[PDB]
Amino acid sequence: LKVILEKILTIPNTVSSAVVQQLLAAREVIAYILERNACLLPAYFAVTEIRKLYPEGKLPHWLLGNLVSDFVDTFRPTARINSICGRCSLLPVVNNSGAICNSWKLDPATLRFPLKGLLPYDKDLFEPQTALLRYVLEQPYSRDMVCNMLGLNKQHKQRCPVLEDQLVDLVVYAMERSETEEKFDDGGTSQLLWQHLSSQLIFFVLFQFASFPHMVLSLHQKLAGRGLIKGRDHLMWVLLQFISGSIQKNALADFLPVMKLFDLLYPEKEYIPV
Amino acid sequence: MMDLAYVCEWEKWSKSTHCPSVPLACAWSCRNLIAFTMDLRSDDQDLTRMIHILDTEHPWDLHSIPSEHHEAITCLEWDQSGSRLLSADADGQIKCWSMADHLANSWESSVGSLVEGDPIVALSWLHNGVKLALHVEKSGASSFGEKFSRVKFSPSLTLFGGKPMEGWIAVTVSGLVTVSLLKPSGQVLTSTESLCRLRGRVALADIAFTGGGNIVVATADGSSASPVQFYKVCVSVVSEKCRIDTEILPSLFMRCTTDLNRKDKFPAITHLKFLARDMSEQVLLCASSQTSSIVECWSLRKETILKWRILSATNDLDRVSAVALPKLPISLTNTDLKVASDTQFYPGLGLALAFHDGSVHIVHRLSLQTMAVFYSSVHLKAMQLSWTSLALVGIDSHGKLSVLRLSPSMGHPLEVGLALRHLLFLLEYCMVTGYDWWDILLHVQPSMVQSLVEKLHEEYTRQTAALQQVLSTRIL
Amino acid sequence: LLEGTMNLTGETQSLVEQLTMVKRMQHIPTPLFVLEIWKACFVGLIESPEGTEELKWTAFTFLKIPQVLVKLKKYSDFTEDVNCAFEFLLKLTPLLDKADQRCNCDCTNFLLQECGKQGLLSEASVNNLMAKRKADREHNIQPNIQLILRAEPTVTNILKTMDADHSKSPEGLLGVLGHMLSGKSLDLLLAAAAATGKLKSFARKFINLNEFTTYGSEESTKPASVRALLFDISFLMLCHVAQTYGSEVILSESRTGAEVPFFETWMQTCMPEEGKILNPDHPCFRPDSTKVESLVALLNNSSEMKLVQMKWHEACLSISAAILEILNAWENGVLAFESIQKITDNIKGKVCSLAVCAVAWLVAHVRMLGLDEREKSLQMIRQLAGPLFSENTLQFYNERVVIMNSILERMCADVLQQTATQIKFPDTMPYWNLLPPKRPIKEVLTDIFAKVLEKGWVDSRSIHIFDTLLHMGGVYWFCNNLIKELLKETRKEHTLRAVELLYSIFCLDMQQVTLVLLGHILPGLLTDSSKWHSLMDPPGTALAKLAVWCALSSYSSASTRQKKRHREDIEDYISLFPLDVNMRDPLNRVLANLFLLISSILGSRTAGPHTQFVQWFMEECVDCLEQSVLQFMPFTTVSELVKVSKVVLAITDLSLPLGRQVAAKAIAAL
Amino acid sequence: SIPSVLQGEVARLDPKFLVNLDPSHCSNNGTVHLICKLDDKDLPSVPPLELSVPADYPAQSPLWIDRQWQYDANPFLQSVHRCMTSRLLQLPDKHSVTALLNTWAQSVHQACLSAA
């Protein structure tokens with residue numbers, strides 16, 4: 001079955017029809033193989049090999065036709081048996097005691113739940129799970145939890161990009177929140193939020209799981225034209241923590257775009273009073 | 001003598017099948033360059049989404065630009081100097097095409113703007129702010145400055161002195177307007193805004209400029225029973241982008257509906273035009289039914305403080321398919337009408353109209369009266385005129401292109417001297433500017449070539465020691 | 001849900017034929033059909049917001065659908081199918097509990113009794129189902145259900161006895177009008193009439209009474225006040241009916257002679273609705289020049305006091321030019337503010353219709369006026385609609401000022417939105433100005449389509465947004481964007497449910513959308529050399545099923561906005577389809593062109609996915625038909641299909657006189 | 001359409017054969033289908049023996065569509081069929097259609113001679 005399918009894939013997507021009736025013999029062979037009545041082989045093998053060849057989101061060959069597609073649909077019920085209801089909205093409580101359960105782990109490459117088998121699962125299980133780690137990061141003392149669920153081991157440099165993207169999204173969300181009112185309460189759950197945000201970031205960037213120039217360029221791109229300027233002083237405080245933390249370890253260039261950021265985030269011509 | 005110059009057709013282009021009709025566009029540049037698009041539907045969709053570039057000196061060879069557009073192209077515009085082309089279609093994708101290696105047979109684009117999902121109904125370049133006025137009475141004044149007088153309009157968005165800024169403005173199907181500006185470098189600044197809180201269908205739109213640096217946008221729903229709204233727009237670059245300030249102007253209502261005799265006819269508006277770009281005080285409307293049509297003109301003259309009134313209205317017209325406007329800037333003063341009427345000098349008093357028959361009409365500007373009728377022996381869908389208005393290009397509902405010779409006399413006999421004076425006055429306009437004179441050469445008779453050459457020779461002389469220094473190559 | 005949302009006043013024959021057509025198009029068992037109908041009715045009832053919409057939904061779901069079921073019985077064994085559907089429906093306990101707790105009564109019992117009255121369900125089955133429902137449930141203010149079911153006979157009685165004007169007794173007329181002028185009585189009567197489908201005669205009778213009472217005759221002060229009250233109350237009811245149930249019911253659409261009612265002309269030329277904008281300088285706004293001067297003299301002198309005989313129609317036509325003159329003089333600066341206050345007090349003192357007509361004309365004039373000069377009129381407009389005016393009321397002021405405030409709100413909110421103004425006339429318009437003001441429409445269209453696809457059912461707010469998006473964008477843009485969104489699915493269930501939802505979405509105006517589709521989108525996707533890469537098997541089959549459904553449904557042969565839309569624009573279909581029965585109907589031409597194209601594609605060379613698409617189109621075309629759109633099909637494709645590879649022949653032959661021999665030749669050579 | 005080689009070879013065949021286009025199947029393509037009839041005074045009647053001609057007929061060989069049930073239920077016809085199989089196994093590569101038609105005629109003649 002593997003070799004026949006791989007050989008049929010070599011036919012061009014547009015060919016003549018005077019030969020297609022001579023070309024439908026492979027379709028007849030496959031139709032005999034994929035029949036669950038004669039029981040040539042367990043259907044689990046057939047569906048898993050087809051899914052190994054065709055991942056989800058990719059259309060099958062135009063010669064095979066419905067013969068393949070309907071097949072995987074027949075495995076729709078079993079995939080419902082092995083799915084936990086409301087998996088996406090389950091949220092734990094963050095603690096530093098360790099001993100992580102295997103049910104909270106995520107894919108380091110693309111932030112997906114590890115799924116057993118190649119069954120045609122539900123759609124909601126294939127989108128990235130951005131809410132879970134967004135909630136985890138926001139909680140204080142959530143340091144080992146994030147590295148445990150992302151598979152990080154804090155002994156080898158990795159430079160994980162999705163962590164940088166999530167950190168940038170969290171900083172801009174905090175900036176929007178500080179831009180919202182900041183008038184009902186003097187504190188407004190802001191200064192502690194900025195301190196935590198800043199404190200965790202210092203930990204993530206020190207072990208080089210994220211890159212400073214890339215984060216600054218990404219922040220400038222996200223804030224370019226957004227017009228959220230009410231708590232820019234706090235972001236500059238975070239950048240001061242950035243630069244003063246490791247000025248001696250690295251070169252001056254790593255701090256070049258900060259200049260553009262200062263100009264952009266501070267459009268003025270008149271003097272700033274003390 | 002209204003005549004036909006030459007008809008150009010292409011083999012294998014016709015005989016299309018299963019092809020719904022699609023509107024077309026045409027554009028004539030300062031140099032004798034034609035940019036258009038034609039309905040082909042021949043074994044490929046992209047043949048209906050190509051830009052055809054034609055040179056009138058060599059009609060037989062045509063250049064095809066394979067534009068990467070996803071929907072039917074709506075409008076085409078040339079720059080003030082014919083070095084760049086603006087093209088737009090449905091689903092955004094406004095492109096700026098630039099000449100490659102200074103070759104007219106190679107084009108490439110690197111500048112564009114995009115709004116997702118909104119077809120563009122209006123598009124225009126920004127104004128530079130220089131125009132001239134031509135006086136036929138002073139055709140023998142023996143002074144270039146005396147003949148063509150500066151009018152001194154003001155330019156829009158002046159930065160760092162008297163140098164204008166370049167860019168474009170577009171109006172979408174909804175109440176949405178986009179503005180783009182070009183930096184001296186490759187940088188481009190884009191912005192979008194909503195016209196007013198009343199969001200509805202804008203089937204037709206038009207854009208004009210006014211003295212002082214203001215834009216007038218006219219929107220028409222197209223139901224012939226709703227008012228046509230007018231808005232004022234100001235563009236200002238506050239140090240990081242172009243902000244748009246909009247406000248409302250008084251509207252009008254359609255005529256030929258309160259006649260209380262037969263109002264059910266003409267239930268849709270099909271054409272809304274400005275009588276001349278940078279002239280926002282006159283608006284032409286054209287409504288049509290399934291059989292007949294009506295064309296009217298309105299103005300905003302001072303007698304509310306501002307009101308729109310009626311100027312002229314034709315008796316009865318067939319279905320209107322194409323309208324074209326003059327480009328020659330006539331002074332339009334009272335003292336010039338008499339001298340342009342006694343002498344057969346009509347280069348800027350004509351509006352060109354086409355119908356669903358083989359009939360093309362030239363109608364007077366101020367009062368809608370017919371003066372020239374042409375029969376082709378099919379109908380014309382898109383057409384344009386020239387700077388000197390000596391000829392018009394036309395695209396029919398086939399693969400044919402037509403070029404028609406328009407004469408100033410329009411059949412009225414004249415003496416040799418008046419024709420020579422007309423031709424030399426028209427040639428001096430192309431002398432002062434950088435425009436070509438192919439349509440002028442279309443009408444010069446072989447008999448009076450020597451007189452024209454010699455009289456132009458003495459016209460070259462006796463200038464104030466400066467015009468001769470910069471016009472030697474052109475005079476040769 | 002779509003039928004119950006917008007066109008609740010339409011004739012039930014169209015709904016019945018549409019339901020039967022849908023049932024025939026896709027094989028549906030009867031119990032599933034009835035269960036789906038009941039579940040849709042209940043879920044539409046639950047989500048309705050508080051107000052008149054809840055009353056309308058209750059009236060619809062408890063009055064109109066029994067006649068639909070009765071007509072289904074008549075056209076069509078059905079009894080046990082209804083019982084089986086009911087026993088399916090009774091299993092859903094939380095939905096029934098939510099519906100029960102929303103309406104504060106056991107709606108299941110009332111529904112069972114109502115359907116038993118129609119005779120659809122047997123008495124023993126009704127009793128058993130009632131016992132089952134009570135067992136499941138075991139686990140002073142009258143509800144609106146009982147009010148509707150008990151007030152519909154009152155509607156019938158009032159319609160029956162009002163023709164004789166209660167033996168010409170004006171005092172009894174005032175009594176009965178005041179009785180129905182109490183809390184929510186008018187809305188209940190209107191909803192009952194609309195659900196019963198007898199509102200046309202109701203409006204006709206009120207129009208006749210108004211035409212009788214406007215001219216009037218000589219009377220003393222008390223009967224003159226009676227006449228004025230009758231005129232004002234009739235005007236208020238007609239205006240409320242116009243502003244609530246559209247502009248189709250009051251207009252007769254069948255009137256012989258020049259004796260047209262004046263209120264019809266005022267409706268056509270003086271009230272700004274959602275689909276019409278008025279011209280302030282229309283000839284109807286310039287009746288004369290002496291009547292308006294008499295009216296302005298009466299207004300500026302004192303209270304009118306001449307209402308014994310006043311020619312209400314001519315006076316009402318005259319307030320427009322009068323208030324024009326007062327506003328012009330006031331802007332000239334020769335009149336003080338207190339004079340305007342006195343004039344507004346005189347207008348709002350006794351008769352309230354004059355304020356309504358003046359406000360309507362002021363809105364019509366302001367709409368054209370520019371920004372810098374509009375603010376002058378709005379202050380006198382809100383003075384005309386200020387607080388309630390006391391020490392001048394005859395009687396029955398509460399609901400009169402309430403209905404006047406509602407009418408002026410629904411008439412003036414359109415202009416109030418354009419400027420930054422708020423008057424706070426104290427919801428009655430939850431579906432108004434829903435789309436975001438600045439962002440493009442494609443984003444919201446795609447987001448709403450995705451949400452509807454994910455949820456699995458369409459909401460009424462989504463229906464309204466789809467309607468306004470279709471109005472703004474156009475049929476071609478709407479259909480092209482929706483079809484482009486369809487072709488991004490790789491799963492068969494998702495595209496199946498997408499097509500099922502899109503059929504009902506396109507059911508807004510089937511003729512125009514099917515014409516646009518079959519004339520522009522399918523040929524474009526079928527002719528281009530780079531577009532059949534997206535015509536794969538699941539989306540291709542789903543799109544073919546949708547296309548054949550739409551084509552034959554439109555061949556078998558739905559809003560006022562779309563009515564004016566397709567009456568507005570013309571299209572020369574002869575030029576669009578040169579074509580190489582009647583040959584004037586555009587559907588025939590476009591279907592013949594489509595069949596010619598499909599025959600050419602099938603007979604062409606270098607076949608690919610497009611031939612599979614046309615094979616699927618032909619297969620579902622054969623499957624769906626009962627025996628009919630195959631009359632225009634060419635005779636060569638009968639042999640072509642056999643060449644490219646029974647029952648797919650005999651049905652397609654149509655038993656033509658040429659058909660017999662061509663079919664014999666085709667089937668013989670297999 | 002029909003290549004010139006096939007038209008010429010059909011024009012230059014013995015008048016014992018009147019081969020023509022197959023009423024069924026596709027046409028005007030590289031692959032064509034022909035149905036044959038034999039009109040020989042000295043030989044009996046036999047099945048039509050249709051042929052299929054692929055694209056670019058020169059430098060290749062055509063194929064014969066076997067119809068086993070047609071030639072069965074008669075000793076004479078199956079003797080013809082087995083002689084046919086023998087002769088087509090004896091034919092070399094790159095052969096033409098006229099050679100196959102002559103082989104058909106000669107096989108029919110040999111079977112008739114063997115029968116009587």
# chains A, B, ... in the order shown; residues from 1 in each chain; ligands from 1
call {"tool": "residues_around", "arguments": {"residues": "region 182-185 of chain A", "least_positions_apart": "4", "cutoff": "9 Å", "atoms": "only C-alpha atoms", "output": "list in words"}}
result
residues 177, 178, 189, 190, 230 and 231 of chain A
call {"tool": "write_last_selection", "arguments": {"atoms": "N, CA and C atoms", "output": "PDB file, in the first residue's frame"}}
result
ATOM      1  N   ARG A 177      -2.815  47.590  28.897  1.00  0.00           N
ATOM      2  CA  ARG A 177      -3.495  47.665  30.188  1.00  0.00           C
ATOM      3  C   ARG A 177      -3.096  48.931  30.945  1.00  0.00           C
ATOM      4  N   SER A 178      -1.798  49.244  30.969  1.00  0.00           N
ATOM      5  CA  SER A 178      -1.336  50.489  31.576  1.00  0.00           C
ATOM      6  C   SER A 178      -1.800  51.711  30.803  1.00  0.00           C
ATOM      7  N   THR A 189      -2.859  47.586  40.254  1.00  0.00           N
ATOM      8  CA  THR A 189      -2.209  46.313  39.930  1.00  0.00           C
ATOM      9  C   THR A 189      -1.244  46.474  38.762  1.00  0.00           C
ATOM     10  N   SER A 190      -0.476  47.563  38.790  1.00  0.00           N
ATOM     11  CA  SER A 190       0.447  47.903  37.716  1.00  0.00           C
ATOM     12  C   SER A 190       1.904  47.791  38.145  1.00  0.00           C
ATOM     13  N   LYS A 230       0.837  55.770  27.053  1.00  0.00           N
ATOM     14  CA  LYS A 230       0.468  56.308  28.359  1.00  0.00           C
ATOM     15  C   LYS A 230       1.339  55.805  29.495  1.00  0.00           C
ATOM     16  N   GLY A 231       2.001  54.659  29.351  1.00  0.00           N
ATOM     17  CA  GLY A 231       2.844  54.114  30.394  1.00  0.00           C
ATOM     18  C   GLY A 231       4.204  53.750  29.846  1.00  0.00           C
TER      19      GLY A 231
END
call {"tool": "residues_around", "arguments": {"residues": "residue 269 (chain B)", "least_positions_apart": "4", "cutoff": "8 Å", "atoms": "only C-alpha atoms", "output": "list in words"}}
result
residues 222, 223, 224, 285, 286, 287 and 288 of chain B
call {"tool": "interface_residues", "arguments": {"of": "chain D", "to": "chain A", "cutoff": "9 Å", "atoms": "only C-alpha atoms", "output": "JSON, numbers by chain"}}
result
{"D": [26, 29, 30, 31]}
call {"tool": "write_last_selection", "arguments": {"atoms": "N, CA and C atoms", "output": "tab-separated table (two decimals), in the first residue's frame"}}
result
chain	number	residue	atom	x	y	z
D	26	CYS	N	-13.98	6.91	-28.41
D	26	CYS	CA	-13.59	8.26	-28.74
D	26	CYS	C	-13.02	8.33	-30.16
D	29	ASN	N	-8.40	11.81	-31.95
D	29	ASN	CA	-7.34	11.81	-30.95
D	29	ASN	C	-6.18	10.97	-31.48
D	30	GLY	N	-5.10	10.91	-30.69
D	30	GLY	CA	-3.96	10.09	-31.07
D	30	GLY	C	-4.30	8.61	-31.16
D	31	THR	N	-5.17	8.14	-30.27
D	31	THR	CA	-5.63	6.76	-30.27
D	31	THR	C	-6.98	6.69	-30.98
call {"tool": "select_by_dssp", "arguments": {"residues": "region 124-299 of chain B", "states": "strand (DSSP E)", "output": "PyMOL selection string"}}
result
chain B and resi 124-125+132-134+148-150+167-172+176-182+188-194+204-210+214-220+228-237+242-252+268-276+279-288+292-299
call {"tool": "interface_residues", "arguments": {"of": "chain C", "to": "chain A", "cutoff": "6 Å", "atoms": "only C-alpha atoms", "output": "VMD selection string"}}
result
chain C and resid 490 606 to 608
call {"tool": "write_last_selection", "arguments": {"atoms": "N, CA and C atoms", "output": "mmCIF file, in the first residue's frame"}}
result
data_model
loop_
_atom_site.group_PDB
_atom_site.id
_atom_site.type_symbol
_atom_site.label_atom_id
_atom_site.label_comp_id
_atom_site.auth_asym_id
_atom_site.auth_seq_id
_atom_site.Cartn_x
_atom_site.Cartn_y
_atom_site.Cartn_z
ATOM 1 N N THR C 490 -10.778 21.288 4.107
ATOM 2 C CA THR C 490 -10.239 19.997 3.708
ATOM 3 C C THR C 490 -10.996 18.821 4.304
ATOM 4 N N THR C 606 -7.679 16.714 -23.081
ATOM 5 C CA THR C 606 -6.853 16.937 -21.892
ATOM 6 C C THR C 606 -7.728 17.183 -20.660
ATOM 7 N N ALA C 607 -8.464 16.142 -20.292
ATOM 8 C CA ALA C 607 -9.423 16.220 -19.200
ATOM 9 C C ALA C 607 -8.728 16.125 -17.847
ATOM 10 N N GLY C 608 -9.234 16.888 -16.878
ATOM 11 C CA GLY C 608 -8.714 16.858 -15.534
ATOM 12 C C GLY C 608 -9.805 16.885 -14.484
#
call {"tool": "interface_residues", "arguments": {"of": "chain A", "to": "chain B", "cutoff": "10 Å", "atoms": "only C-alpha atoms", "output": "JSON, numbers by chain"}}
result
{"A": [225, 264, 267]}
call {"tool": "write_last_selection", "arguments": {"atoms": "N, CA, C and O atoms", "output": "PDB file, in the first residue's frame"}}
result
ATOM      1  N   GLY A 225       2.829  52.354  14.961  1.00  0.00           N
ATOM      2  CA  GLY A 225       1.541  52.831  14.515  1.00  0.00           C
ATOM      3  C   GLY A 225       0.379  52.485  15.416  1.00  0.00           C
ATOM      4  O   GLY A 225      -0.749  52.910  15.132  1.00  0.00           O
ATOM      5  N   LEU A 264      10.840  56.860  18.545  1.00  0.00           N
ATOM      6  CA  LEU A 264       9.468  56.518  18.204  1.00  0.00           C
ATOM      7  C   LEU A 264       8.544  56.675  19.395  1.00  0.00           C
ATOM      8  O   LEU A 264       7.551  57.399  19.326  1.00  0.00           O
ATOM      9  N   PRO A 267       7.891  60.956  20.573  1.00  0.00           N
ATOM     10  CA  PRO A 267       7.845  62.025  19.568  1.00  0.00           C
ATOM     11  C   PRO A 267       7.564  63.377  20.202  1.00  0.00           C
ATOM     12  O   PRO A 267       6.417  63.680  20.543  1.00  0.00           O
TER      13      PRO A 267
END
call {"tool": "closest_atom_pairs", "arguments": {"of": "chain B", "to": "chain C", "cutoff": "8 Å", "atoms": "only C-alpha atoms", "output": "JSON lines"}}
result
{"residue": "B:17", "atom": "CA", "partner": "C:580", "partner_atom": "CA", "distance": 7.2}
{"residue": "B:18", "atom": "CA", "partner": "C:593", "partner_atom": "CA", "distance": 6.9}
{"residue": "B:19", "atom": "CA", "partner": "C:576", "partner_atom": "CA", "distance": 7.5}
{"residue": "B:20", "atom": "CA", "partner": "C:576", "partner_atom": "CA", "distance": 5.0}
{"residue": "B:21", "atom": "CA", "partner": "C:576", "partner_atom": "CA", "distance": 5.5}
{"residue": "B:43", "atom": "CA", "partner": "C:528", "partner_atom": "CA", "distance": 7.2}
{"residue": "B:44", "atom": "CA", "partner": "C:528", "partner_atom": "CA", "distance": 5.5}
{"residue": "B:45", "atom": "CA", "partner": "C:528", "partner_atom": "CA", "distance": 5.6}
{"residue": "B:116", "atom": "CA", "partner": "C:442", "partner_atom": "CA", "distance": 7.1}
{"residue": "B:117", "atom": "CA", "partner": "C:442", "partner_atom": "CA", "distance": 5.3}
{"residue": "B:118", "atom": "CA", "partner": "C:440", "partner_atom": "CA", "distance": 7.0}
{"residue": "B:173", "atom": "CA", "partner": "C:473", "partner_atom": "CA", "distance": 7.7}
{"residue": "B:174", "atom": "CA", "partner": "C:472", "partner_atom": "CA", "distance": 7.4}
{"residue": "B:176", "atom": "CA", "partner": "C:438", "partner_atom": "CA", "distance": 7.9}
{"residue": "B:193", "atom": "CA", "partner": "C:438", "partner_atom": "CA", "distance": 7.1}
{"residue": "B:194", "atom": "CA", "partner": "C:438", "partner_atom": "CA", "distance": 6.1}
{"residue": "B:196", "atom": "CA", "partner": "C:418", "partner_atom": "CA", "distance": 7.7}
{"residue": "B:197", "atom": "CA", "partner": "C:418", "partner_atom": "CA", "distance": 5.5}
{"residue": "B:198", "atom": "CA", "partner": "C:418", "partner_atom": "CA", "distance": 6.5}
{"residue": "B:199", "atom": "CA", "partner": "C:437", "partner_atom": "CA", "distance": 7.9}
{"residue": "B:200", "atom": "CA", "partner": "C:472", "partner_atom": "CA", "distance": 6.0}
{"residue": "B:201", "atom": "CA", "partner": "C:472", "partner_atom": "CA", "distance": 5.3}
{"residue": "B:223", "atom": "CA", "partner": "C:568", "partner_atom": "CA", "distance": 5.9}
{"residue": "B:225", "atom": "CA", "partner": "C:277", "partner_atom": "CA", "distance": 7.9}
{"residue": "B:226", "atom": "CA", "partner": "C:277", "partner_atom": "CA", "distance": 6.2}
{"residue": "B:227", "atom": "CA", "partner": "C:368", "partner_atom": "CA", "distance": 8.0}
{"residue": "B:247", "atom": "CA", "partner": "C:371", "partner_atom": "CA", "distance": 7.3}
{"residue": "B:248", "atom": "CA", "partner": "C:371", "partner_atom": "CA", "distance": 5.8}
{"residue": "B:249", "atom": "CA", "partner": "C:370", "partner_atom": "CA", "distance": 5.4}
{"residue": "B:250", "atom": "CA", "partner": "C:370", "partner_atom": "CA", "distance": 5.3}
{"residue": "B:251", "atom": "CA", "partner": "C:368", "partner_atom": "CA", "distance": 6.0}
{"residue": "B:252", "atom": "CA", "partner": "C:368", "partner_atom": "CA", "distance": 7.8}
{"residue": "B:253", "atom": "CA", "partner": "C:279", "partner_atom": "CA", "distance": 7.4}
{"residue": "B:258", "atom": "CA", "partner": "C:283", "partner_atom": "CA", "distance": 7.1}
{"residue": "B:267", "atom": "CA", "partner": "C:568", "partner_atom": "CA", "distance": 6.8}
{"residue": "B:268", "atom": "CA", "partner": "C:569", "partner_atom": "CA", "distance": 6.6}
{"residue": "B:289", "atom": "CA", "partner": "C:570", "partner_atom": "CA", "distance": 7.9}
{"residue": "B:290", "atom": "CA", "partner": "C:570", "partner_atom": "CA", "distance": 7.0}
call {"tool": "closest_residue", "arguments": {"among": "D:8, D:15, D:92, D:23", "to": "chain C", "atoms": "only C-alpha atoms"}}
result
D:23
call {"tool": "select_by_dssp", "arguments": {"residues": "region 45-191 of chain B", "states": "helix (DSSP H, G or I)", "output": "PyMOL selection string"}}
result
chain B and resi 46-48+144-147
call {"tool": "atom_distance", "arguments": {"atom1": "CA of residue 147 (chain A)", "atom2": "CA of residue 198 (chain A)"}}
result
17.5 Å
call {"tool": "closest_atom_pairs", "arguments": {"of": "chain C", "to": "chain D", "cutoff": "9 Å", "atoms": "only C-alpha atoms", "output": "JSON lines"}}
result
{"residue": "C:605", "atom": "CA", "partner": "D:29", "partner_atom": "CA", "distance": 8.4}
{"residue": "C:643", "atom": "CA", "partner": "D:25", "partner_atom": "CA", "distance": 6.1}
{"residue": "C:644", "atom": "CA", "partner": "D:26", "partner_atom": "CA", "distance": 8.9}
{"residue": "C:669", "atom": "CA", "partner": "D:24", "partner_atom": "CA", "distance": 6.9}
{"residue": "C:670", "atom": "CA", "partner": "D:24", "partner_atom": "CA", "distance": 8.1}
call {"tool": "write_last_selection", "arguments": {"atoms": "N, CA, C and O atoms", "output": "short mmCIF file (atom, residue, chain, number, x, y, z; two decimals), in the first residue's frame"}}
result
data_model
loop_
_atom_site.label_atom_id
_atom_site.label_comp_id
_atom_site.auth_asym_id
_atom_site.auth_seq_id
_atom_site.Cartn_x
_atom_site.Cartn_y
_atom_site.Cartn_z
N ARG C 605 -10.58 17.98 -24.86
CA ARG C 605 -9.39 17.16 -24.76
C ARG C 605 -8.59 17.58 -23.52
O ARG C 605 -8.80 18.67 -22.97
N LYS C 643 -19.72 7.80 -23.35
CA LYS C 643 -18.33 7.67 -23.76
C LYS C 643 -17.39 7.82 -22.57
O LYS C 643 -16.40 7.08 -22.46
N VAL C 644 -17.67 8.76 -21.67
CA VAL C 644 -16.82 9.01 -20.51
C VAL C 644 -17.25 8.19 -19.30
O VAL C 644 -16.60 8.25 -18.25
N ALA C 669 -25.67 1.03 -27.96
CA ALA C 669 -24.22 0.94 -28.11
C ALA C 669 -23.54 1.23 -26.77
O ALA C 669 -23.05 2.32 -26.50
N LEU C 670 -23.52 0.20 -25.93
CA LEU C 670 -22.87 0.30 -24.62
C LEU C 670 -21.50 -0.38 -24.64
O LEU C 670 -21.40 -1.57 -24.93
#
call {"tool": "atom_distance", "arguments": {"atom1": "CA of residue 535 (chain C)", "atom2": "CA of residue 612 (chain C)"}}
result
9.2 Å
call {"tool": "residues_around", "arguments": {"residues": "residue 14 (chain D)", "least_positions_apart": "5", "cutoff": "10 Å", "atoms": "only C-alpha atoms", "output": "list in words"}}
result
residues 98, 101 and 102 of chain D
call {"tool": "residues_around", "arguments": {"residues": "region 97-114 of chain A", "least_positions_apart": "2", "cutoff": "12 Å", "atoms": "only C-alpha atoms", "output": "VMD selection string"}}
result
chain A and resid 83 to 84 87 to 88 90 to 95 116 to 118 121 123 to 134 136 141 to 153 158 to 163 165 to 166
call {"tool": "atom_distance", "arguments": {"atom1": "CA of residue 198 (chain C)", "atom2": "CA of residue 9 (chain C)"}}
result
9.1 Å
call {"tool": "residues_around", "arguments": {"residues": "residue 210 (chain B)", "least_positions_apart": "4", "cutoff": "7 Å", "atoms": "only C-alpha atoms", "output": "PyMOL selection string"}}
result
chain B and resi 214-215+278-280
call {"tool": "decode", "arguments": {"residues": "region 435-449 of chain C", "atoms": "C-alpha atoms", "output": "PDB file, in the first residue's frame"}}
result
ATOM      1  CA  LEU C 435     -21.250  47.032  11.987  1.00  0.00           C
ATOM      2  CA  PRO C 436     -18.028  48.765  13.050  1.00  0.00           C
ATOM      3  CA  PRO C 437     -17.612  52.249  11.575  1.00  0.00           C
ATOM      4  CA  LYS C 438     -14.064  52.111  10.193  1.00  0.00           C
ATOM      5  CA  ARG C 439     -12.771  48.586   9.541  1.00  0.00           C
ATOM      6  CA  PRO C 440     -13.401  46.952   6.140  1.00  0.00           C
ATOM      7  CA  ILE C 441     -16.410  44.712   5.623  1.00  0.00           C
ATOM      8  CA  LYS C 442     -14.496  41.631   4.432  1.00  0.00           C
ATOM      9  CA  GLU C 443     -13.000  41.095   7.893  1.00  0.00           C
ATOM     10  CA  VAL C 444     -16.358  41.141   9.686  1.00  0.00           C
ATOM     11  CA  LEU C 445     -17.935  39.000   6.951  1.00  0.00           C
ATOM     12  CA  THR C 446     -15.234  36.335   7.296  1.00  0.00           C
ATOM     13  CA  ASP C 447     -15.321  36.444  11.104  1.00  0.00           C
ATOM     14  CA  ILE C 448     -19.111  36.077  11.230  1.00  0.00           C
ATOM     15  CA  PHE C 449     -19.067  33.268   8.661  1.00  0.00           C
TER      16      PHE C 449
END
